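Structure below; questions to follow.
Order of writing sets the chain letters: A, B, C, D, E and F. Residues in each chain are counted from 1.
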Amino acid sequence: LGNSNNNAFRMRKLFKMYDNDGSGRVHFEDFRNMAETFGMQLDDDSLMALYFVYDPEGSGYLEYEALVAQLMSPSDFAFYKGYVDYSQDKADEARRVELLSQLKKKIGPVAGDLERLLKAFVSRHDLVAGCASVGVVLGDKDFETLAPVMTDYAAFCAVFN
Amino acid sequence: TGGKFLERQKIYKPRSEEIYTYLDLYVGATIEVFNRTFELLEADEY
Amino acid sequence: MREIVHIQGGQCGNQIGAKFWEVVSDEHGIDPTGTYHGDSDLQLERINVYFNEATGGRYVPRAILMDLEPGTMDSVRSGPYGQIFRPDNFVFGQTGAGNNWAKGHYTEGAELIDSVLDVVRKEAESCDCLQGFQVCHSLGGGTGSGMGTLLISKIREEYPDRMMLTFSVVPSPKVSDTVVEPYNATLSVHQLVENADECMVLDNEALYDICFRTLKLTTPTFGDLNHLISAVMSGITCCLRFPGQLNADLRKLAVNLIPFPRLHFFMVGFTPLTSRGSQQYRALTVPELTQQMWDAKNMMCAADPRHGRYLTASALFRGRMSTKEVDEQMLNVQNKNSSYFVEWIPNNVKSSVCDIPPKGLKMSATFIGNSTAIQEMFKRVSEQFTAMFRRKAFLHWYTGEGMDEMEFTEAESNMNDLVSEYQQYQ
Amino acid sequence: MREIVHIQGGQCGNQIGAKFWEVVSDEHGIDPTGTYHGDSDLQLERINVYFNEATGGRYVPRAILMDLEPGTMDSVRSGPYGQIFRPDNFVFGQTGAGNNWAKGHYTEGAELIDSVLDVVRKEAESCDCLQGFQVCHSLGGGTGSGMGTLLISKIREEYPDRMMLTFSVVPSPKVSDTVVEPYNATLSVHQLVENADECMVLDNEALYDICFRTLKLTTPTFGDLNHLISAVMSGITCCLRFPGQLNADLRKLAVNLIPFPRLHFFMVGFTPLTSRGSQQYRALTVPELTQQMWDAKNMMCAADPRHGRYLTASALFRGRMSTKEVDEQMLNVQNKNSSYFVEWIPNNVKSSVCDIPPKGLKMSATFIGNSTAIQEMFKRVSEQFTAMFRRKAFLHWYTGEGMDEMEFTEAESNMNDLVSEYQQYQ
Amino acid sequence: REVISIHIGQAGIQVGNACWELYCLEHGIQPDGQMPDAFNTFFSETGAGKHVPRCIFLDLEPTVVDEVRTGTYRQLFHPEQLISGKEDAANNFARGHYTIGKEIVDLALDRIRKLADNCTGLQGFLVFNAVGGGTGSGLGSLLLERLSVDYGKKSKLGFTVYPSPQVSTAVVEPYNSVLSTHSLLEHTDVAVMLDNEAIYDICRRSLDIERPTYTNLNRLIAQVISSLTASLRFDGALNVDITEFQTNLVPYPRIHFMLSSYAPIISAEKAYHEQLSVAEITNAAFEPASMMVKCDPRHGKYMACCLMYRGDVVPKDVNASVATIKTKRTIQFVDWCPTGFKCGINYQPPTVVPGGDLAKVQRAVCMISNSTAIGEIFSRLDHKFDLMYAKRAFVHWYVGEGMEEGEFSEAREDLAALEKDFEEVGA
Amino acid sequence: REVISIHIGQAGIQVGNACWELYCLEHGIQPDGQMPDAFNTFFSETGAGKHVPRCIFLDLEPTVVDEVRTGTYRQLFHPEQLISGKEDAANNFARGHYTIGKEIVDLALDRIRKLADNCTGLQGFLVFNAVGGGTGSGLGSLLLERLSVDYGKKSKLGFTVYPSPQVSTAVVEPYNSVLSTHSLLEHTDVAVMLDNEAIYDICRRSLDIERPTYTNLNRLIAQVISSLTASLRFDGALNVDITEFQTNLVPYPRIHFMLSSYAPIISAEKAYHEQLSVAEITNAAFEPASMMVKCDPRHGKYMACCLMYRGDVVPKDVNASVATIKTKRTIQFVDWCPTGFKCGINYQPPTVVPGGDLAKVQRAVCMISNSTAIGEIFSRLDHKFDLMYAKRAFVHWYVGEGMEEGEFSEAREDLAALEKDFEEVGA
């Protein structure tokens, strides 16, 4: 697909146009035909190696979404996929993941002593005193990020472990 | 042996695009600045 | 193997070099603490072209900074990668020229050029086979222009067989810092026309213009301007630092853009440059890069090329790109605007491709155009120089130091014959 | 097997020797109580070259102090490692000459030199086969110079078949402490040219210059300067104390560096000397080592070698290094700066390597180059000597003691044929 | 039988990177260096279970060379044959022929000497180069100079890549091409021309790739080389060696400028869209829609032709098709040769490469022709060479290197005699 | 068949430290001194269950010798053969030949006397020394004089290490070389010249170690010596002892200076690279890329050559190789020798050493030839000797020892006479 505003179809010609229904599963002879129509010219001996690496079963059906990703550029693969969510909500969940990951990086080193101190005690206000004593600054915005995490001090440290 | 080490500007966090605030400045605390890390040993009386 | 040394002159030279070292250090994955942390081993093979391993992967940039004011030096140790330089290379005076080409060329050079020539002699003979030297400086300031001028002359008489790059910003009337802009710029280019191998002419007016139109930032500090010219410098030296399907070094870019040894001033253009609001709506193809590279609103000089003729041009591409579409797009732009190209030179385009894109991007390009539109700016400068020199404004601060009148007349004559030969080849 | 005895004269020499014995004892792991505290047995087999095992593993430095003021002795005993000397070698007068060469050569020596000759004779008979004697002093004072002078003469006429080193600091008009420095230095060197085997010329001016530029200290006390020269003395004796892939004893170095029996004054350089801040941005390789070696600002005298011609040169290397890299580096530095070398002697560099670095550094080097630039400093001081002797200033204190004018005429004439023969060989 | 291949310039070593990849998969030798007699013409069996190619990559920019050393064929190409300089000639025939060549041609020629000493039945050398660049032109010329004083009588197959008329990568490539030909006329024995736009046309039309890189180019060119070396790598029903190219394709010792053509260039979907035979490929190998040099054969007259075949080929259908070609009038031969054809048959079909754009073909044709269309080409080169030569553009670079105007003038007039010679033999 | 090895100088002991280390690991003798008939030429079975080298280490300074005494072969070498002085000659031929020699060489003689008494079938001696130093020159020459007056008839192999022209370690080494040559002119029977610069080019090019030390140098030297003595150590298809080198390499009783070379100098990966046969190394032995002396045999004319081969070599190919070398004209012989070659072969291959930078090589070649390149080398050192001698530089040390101007003058004109001899035989 060199250059046009219609090339994503010629890419759609690979599987997703000619697969009438079902999930991403393709039989082995059909995969050979869909390949040689595009110019791959795969030999069956090499062809079964593809099924060996991408299907450790005797099913003979193949999840092409996992294989075409490496055949495609990460920018052009979205055209073949057809659906990619650019929504504000998805972005905000990514933000929450990043914040939670960051908090886990902060508390991870001192997660072990926090368990001994909490058992030495649990209220939220008491968690602030405990967390500030062990050496992590616990704030209101930290609580707003950790609100979907708990409410449990035991599962709190467990999920931080 | 032995200066102005860092000239004044904002300091973002290592990977995230978040700036250190005064909420992170305490004795004993450590701050990561430009792949370096400094401990705050002693604080001013003021 | 091939070696490039860096030289920075003046405040603008230091800040440009600081941001430029930032970008290439991130390009080779080395941290501001001076250690490698990247992943691809391809970064490891061509770091000797700018670095020297000191202690356990400690790579100091092969650079020499030069100034006369400490605040410049403080501003250098400021940002990231300010503590990756060896302070011995921080060769630095104390008095200060202060927008005085004469002080930067006669008085302070007498006691500074020995030290800098000493350290560059160390920094050059440290490595075996130099490819060339690099000089970033200005044409408005004194220590940048004047002292860099004396430096370029001294290294050319010492080592004339090595290549030599010179990136200079030229002052413009629409972006006017100081008053002695012409008295400096005319004398400096009068030395450039015989000493420098080739130069890339820059200007801040075109930078602000490009930032407002394309980038549309609302407060473009000097930082992103340094970011732009750094993207230029990184583009002109990336082909040496990374293998490609067709590579081209400093020397053949020179031999392929210099038809006559006096016409060694080029205009530059970097692509792609789009605002983040418009990043989302743009394609990523070779004509998509070509339409912005050949656009006159993307040159980094104050000379409209459509007012004159393109003598020759060259394009350096970064990223895994297809060669057929590359050369066909070059043929296309060659043939559609068949008026803006010079007649007696068919195939006015040089092009090279490197397979490594810049970090954060997928595919980019840099442009180096040798055109006769630049004599517009030079005439615009010379007319200001004669407007002052006719009635001897500000002349005494120069004459009372050791400079005489024939220096002004030789500068004007060299100025007029170069614009004449530029008008001739137009 | 080969032995060296040590002789320190005057306050400067005693403090220098104190620092010297401290650093060598550190090199061999001996604590200030005189017991073994090292780890490697390689430290054990070669301590007889400077020590005598006294009582069950108690090692005494084979040294003899000599001076005329008790304040010196107290300053020796106050510091660490100051109690390891045998008090029988603390031979010491009581009155003091006080910067009077005539007193230090005719009055006080006349009753002090017999005793010091006894103690050096005892310490020389204590060992089997002398390699050489070592004498440290200056050429400005009287007590160190004059008595050390007569001491050298008496030793030569007693044992004329053994090697001999004398470390003498010469005064400069820039670092000019006493007033009669020329009257002292001229007479002392007038004796050094017929008595000593060879000399190593030192200067405080160059010491101050190198702690400014290379070391960048704020308060360079005398301890640091003495630390510098002691590292030099440890470097020149390292070949005897430790095995190497190319050994060069004191006699081998002397016979290789002295082409004519009057040409035995050498300027010294030592590497690596970098600031503690710059110790991180540097590498450890032999060209890095060599470039700081041959630097004119690294010489420990106020005589620019680029102002004259190198007769010969010698390099002593410490650390397991590549011999092939050594000679090719020496080959290059002789081929490049070929004008600074003498014409009628090819291959003007002697090179040696030892597999033992100093403690704290991985690789080190000492440079001993015999140039003709030293005639400048000799002419520098002889013109002052003539200036004072033109109208007989400060003369009567020497005259009324017993010395007369023909000694001074002999000193200046010997200096004159000296300098003229440098100019002849220049 | 043995024949060794040296590669001069940035393009040539990439070509060799494709050819030897193809050769090893053709003889079943893994990139590690060993299989899990036919290889003897290209590989020497070192020790036991190790085959080294008989090759010399050489270049002045070490980046690409070290990329070969760090590629996947680290162990096949043994790390001493890949000769590299320190800095480029940089598109300068002068810098390539005098500046660095004097330091690298010696090491190159004593290495190939010792390589020939390993060889026993050497038929010839073959060079891969592009006359546009500086390294491939200058030191390539000097190597061909000192290689011709070394051997002379041995054939040196020059597969050269000329700049396209309207497609251009460089600017001084006319000057490089004139000065290279100025010595290529008396140095190479058999020189085959290979433009790039014609390849682009083929990949655009027959291969239906819209956005190709150099790899597919090098892949197809390697298949041309393998096709013309299948006669030495294997035995066929009708074999022809390397020495016969001087006897059939070169009637006069200076007109050796050969155009290569390959057919069928056919994709995998077109292998099913079309039922393959011989006669349609005999016709397909002649049209400029399948040649490797951008020109038009209808304006010129053919001199001589070499028809190589690989696969399941019977000479009866080829003889009948060449009969119809000689009766058909759409192509006209010169009046100085009644029979301007020479065929060659090989039993082994050309193998495919992994992910190759060409499918498993039953029969393939490699055509090597001579005509006056190359004479139109050189006139097209000389015109644009004189265009830039009239104002003395880029001349000071060669003078700054140390050259003069005499060699430029003598190169210009030597091609003027070349065009005259082509216009005399065309009548 | 026995032969004794003595080592004179700082270089000699380290060289022997490599040689005997190589020998014991060649004959399977652990450093303790015992085995867990071929050794009978270098080892005497002391008592029983112990073997002593037939060796004499000698120096004036103790540091290197007692380093050997505290090394690993403290028991293999036996503690009375390691004769040590008390102070060095210090690069002074006078001090080494007259001052300290008169007290040390007597003990050396009476030690080697009883060693020769213990021996039965003495083939000869071999001395190791560098003529640049003082100890290796002075007392070595004095010892050789008294050894000649002792035996005279028995072969004494002088394996000398010359100073390179541009690579120099000392300063007065021209004086030392001149004075030492004046004695080895008439003292040693067969003497082999070995420079350091050719060795440095070898380890740079072939062995490709960028930062080498003397260990690798002495490793190859020892391998050269072992290759020269394996003829008497082990039986081969054509073995040659020490005696025949006078009748095959010495045409004139004063020209005994042989140029040594070895092949193949191959690293670990390059053995994987190259397929070793005999023709290529036979060529490789003659180019200056594998000689041990920095000289140009292309400027020289060969007089006589020896070629010891080790490993699995059949004579048919060495006859075919010498035949092709004789009909090749790249190397010209002297008009007074119609046949200037002598070959030799031994079955056992040269082994590898732990930590050594050599690979397991199937066969090896040791080349010992003679040329007039030494005739150039002598002029090169005679001239630079005359330079420093013209102004009486460094002469005062030797006269202070007790020598005069006569021996300088007579050795200078004698070496001049050496040149007129070289120029007369070269024609």
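The rule is short, and it goes like this: contacts are C-beta pairs under 8 Å (C-beta built on N, C-alpha and C of every residue); 3 or more make two chains touch, one makes a residue touch a chain.
Undergrad: Can you list every chain in contact with both chain B and chain F?
TA: D
Undergrad: By CA centroids, point me to the most central chain in this structure.
TA: C
Undergrad: For chain A and chain C, what's the span in angstrom between their mean Cα positions?
TA: Each chain's C-alpha centroid was found; their separation is 44 Å.
Undergrad: With centres defined as the mean C-alpha position, give me the chain B-chain C separation in Å.
TA: Using C-alpha averages as centres, the distance is 36 Å.
Undergrad: In whole angstrom, what separates the CA-based centres of chain C and chain D?
TA: Computed from C-alpha means, the inter-chain centre distance equals 53 Å.
Undergrad: Touching at least two other chains at once: which residues of chain A meet that condition?
TA: Touching at least two other chains: 2-3.
Undergrad: Could you list each pair of chains that touch, in label order?
TA: Result of the pairwise touch check is A-B, A-C, A-E, B-C, B-D, C-D, C-E, D-F, E-F.
Undergrad: Can you name the residues of chain C that touch chain B in the complex?
TA: 31-33, 74-75, 77-80, 83
Undergrad: Going by the contact rule set out above, which residues of chain B touch chain C in the complex?
TA: On the chain B side, the touching residues are 3-7, 9, 34-36.
Undergrad: In their shared complex, at which residues does chain E touch chain F?
TA: 44-47, 50, 52, 78-80, 114, 117-118
Undergrad: Contact residues on chain E for chain C in the complex?
TA: Its residues touching chain C are 10, 14, 61-64, 66-67, 70, 86-88, 90-92, 134, 163, 166-174, 196, 200, 203-204, 211-214, 217, 384, 387-388, 390-391, 393-394, 396-397, 400.
Undergrad: Of all residues in chain A, which touch chain C in the complex?
TA: 2-3, 75
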